[PDB]
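J.: Pasting in a structure now, in structure tokens, and then I'll have a few things to ask.
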């Protein structure tokens, strides 16, 4: 109990996490406590050395006032409450997924609407805490983590010693901690740094390495929390998103004291007036000019979007309540979000066409991925229904978008292979996916079927749920449509290239011959599984058949695929003849 | 949440990135290969990407061929799936032999796989006394080994109650080959057998390490030749020193004044120390496994009059001569033992570049039970030697009238000084030495410079601190005059020197990546910032001698410093 994986503990803990020291502030640490066995990354602190101040009374009350409201921000489950002598460890969940870290972790997730959605979820928290007055707060990606509902749950701990980038596809780079200061890449405040002191503490003089060289603490003055100081900090975390990299240079900081800098605006949507102007409003002089989160909101690029936000925010508050009961959400949410659809991007008959022109109702809904990630959590077969409903609800995920989406589905055939007729659910969905007509972004897309499907077909040998197999021979032509869709990349690959003498036109076809030789392998491996199933008129063991006389059922459906392997009519004919000979005896 | 949602990502990421790369082997085609040859030539620190890792997982033929490029690919992979492991162990053989240097990186906890560890021993297969220099840093790397000790615990303790996979016999085959690498390494090991009760108490694995050291001693002694029992006996005789330092702990306790304790020491050492020192049969010296004692002279024996109780004594050896020695007892001196050892490693590479810094790497070791000893020193420690002299010039002239101040010509006294000074600034750049003063400045009148306060490092000072350079306003007297000659020679030596260490200290980045796993204070915070700071501080990012121009401006500011 009192120790755990460190002698340094006073209860059951999983691990020690990272430590750090500010230039603007003192030391800090992270800790992953297995409280009730549940391992969660709480704040580290010792009350032993902090007794002299214990000023925290106020801080704990403002915590109580703030944590009271479970909005799009992060309320801690017991933070204020978790002070003690050897262990003042402010309680929090398993956080270490800082924000730019998460962004570079899934560029697969990074998307036009998504960035804007994330940004807008943060914006609601900002305007709310300004109203529920907690003015003048600092910002960096240490302040946030990414939930299963993709909510930017904003905390109040802007140093996160657990923080940097993540899954960056281009890289050959050394470590980068302390990048423009004594810790992680900060967001400067022009009045704090360039005016008084970049430091938080009181004094009456002017150090450098922690920063005060600007002025003598105005001869013993305190902190002065204002909205203008908040606009300053927000402005620096934003550009990091846009450039994918921060703006923090000492030259840039001298230029910020000068109120005029060294821009190199790296994105057209960012220099797009929509984004450029309000950023510039933050940039000129935060108190001297004006920047208003309000002005920003009123002037949302599309004013449709604020409304799309706040309308569906009502559901997001229901999401914050859902921390009570997930399975209940799944199924009643099906009921509710029939209406949700009929409100938002309504189709009259609840099966959106996945390619409805240049979208006639204008959908690009990254929020389906939001909800998907919530509903990944295991509960009840309630889920089966909503998935089938979703298959029918063939909303406009692109080929690629549907493909991104395609991560969990077969993953859940696998995850509930135990219920054999989950195979039947998945059948319908994959048949639907196949029936959808779309373009393959890359050649390799089609190969993963050609290996995925093999794996799942072994699972078919584990238990033969017949329904899946019956559809197989049909959507065999649709998997050949996946090969047509691959051949569309062959059209794109052609779009990347620009008889008696023994001409050279063979070079144009020859690689497609080898591709076809490959696809013939992909006829042969079915021909293997098929000949095994063809001898397996029952799943056969110790002179007994698990009665795959059901082959006669699937036999009608089979004509679709039967065209494909047929030319070794010798081989097919022999196996079928062996079947005929016995059927002629046993079968009526 | 940490449920199927977490895993779903991993699959989608595994698909396309796995399954696609690795297939029927053939050579890379496009001129992007020429660009990529530059890209792969990025240094150790240069950690790989989510897409660059995939490219190497395609371009296997050139990787196989470039015998030392293999490691960059090995940074990319992990042995997650048997299918991975299959291709990995296939290619382990296939690849043109790895560098013995790059073989250091792969022994890290990053790569838990035994086959890698087994094959890395073949990549660095040279069983030679180069390992003794490696013993200056390797202990922190060896700290990543407390897993296989529990495995080999099944074997080594049990059995006694060259091509190989057994690291312990890689160890035995390489180390037992030399008496220095046996005994002195055991005394070095005795510094980790010291305090092993805490590594038993918090970890448990120090008890396994006590079994390991016991079973290494068994593995050596079972070797059963004169050599094997003899090394067991010399350790035992050297262990008598432990009795002597316990007696010296008691003599330290009977203090008086500096003279009254010195008399008590001279008397107690007269009977006890003369008798014991004469009594011991040819146990080796702390400075040298070959030199052996046959006496100690308690007459000239003296002490540094301070709480650490540093000793100043002279030992009539088997070799006749009266070798000067010093002990420090009741101190865990590991901060200094590591610093002087790393200094020795740097000095070896620097001597491979033909510049000698003229600093004194005094030997240090521990015999048993946190007691320890070192090579003694002759000194002129303070600005007071130069102040007793007329000037820096007059100081030269007094001692060595060949120099005769400005009027003579000092030759090698001055040459050794200038090349030494050009060395000491480079050491201060890298190590970030703290608490320097006019009283930490041992000017040996022969030309050998000793600035000394290495215990404060990584800039450990309250706020203002020593510079990355090595100059103060006293030296600004002599050097401001000899500006045309000595400051230029200083300036030229250091300029050429950095440019050579920019060539090959890449291996030190590997050493650093393992040697960083040591004990040095406050290391709980420093690592990631330190690795970035090292590469930035020596701006390997920018190979511009304009940085030396920037540093030379700082040098101008140093003479300026009364107003700069």
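Note that chain B is numbered according to Swiss-Prot, with residues 261-421, 470-872 shown in order.
Per the header: electron microscopy, 9.8 Å.
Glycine residues also receive a Cβ, built from the backbone N, Cα and C atoms like all the rest.
Pulled these from Swiss-Prot:
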- B:605-871: domain 'PI3K/PI4K catalytic' (DOMAIN)
- B:261: phosphoserine (MOD_RES)
- B:282: phosphoserine (MOD_RES)
- B:611-617: region 'G-loop' (REGION)
- B:740-748: region 'Catalytic loop' (REGION)
- B:759-780: region 'Activation loop' (REGION)
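Help me picture these features in the structure, burial and contacts included.
T.: For residue B:261 (phosphoserine), applying a Cβ distance below 8 Å and a minimum sequence separation of six or more within one chain yields no residues.
The Cβ of residue B:282 (phosphoserine) lies under 8 Å from the Cβ of B:317, B:320, B:347, each on the same chain and at least six residues away in sequence.
Counting residues 6+ beyond its ends, the region 'G-loop' (B:611-617) has Cβ neighbours under 8 Å at 556, 560, 566, 569-570, 573, 635-639 in the same chain.
With a cut-off of 8 Å between Cβ atoms, the residues of this chain six or more beyond the region 'Catalytic loop' (B:740-748) that come close are 689-691, 759-769, 773-774, 776, 780, 782.
DSSP assignment over the region 'Activation loop' (B:759-780) gives 0 helix, 1 strand, 21 coil.
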J.: Could you break down the residues of the region 'Catalytic loop' (B:740-748) into DSSP helix, strand and coil, giving a count for each?
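T.: Looking at the region 'Catalytic loop' (B:740-748) with DSSP, the answer is 0 helix, 0 strand, 9 coil.
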J.: If you run through the region 'G-loop' (B:611-617) with DSSP, how many residues end up as helix, strand and coil?
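T.: The composition, in the requested order, is 0 helix, 1 strand, 6 coil.
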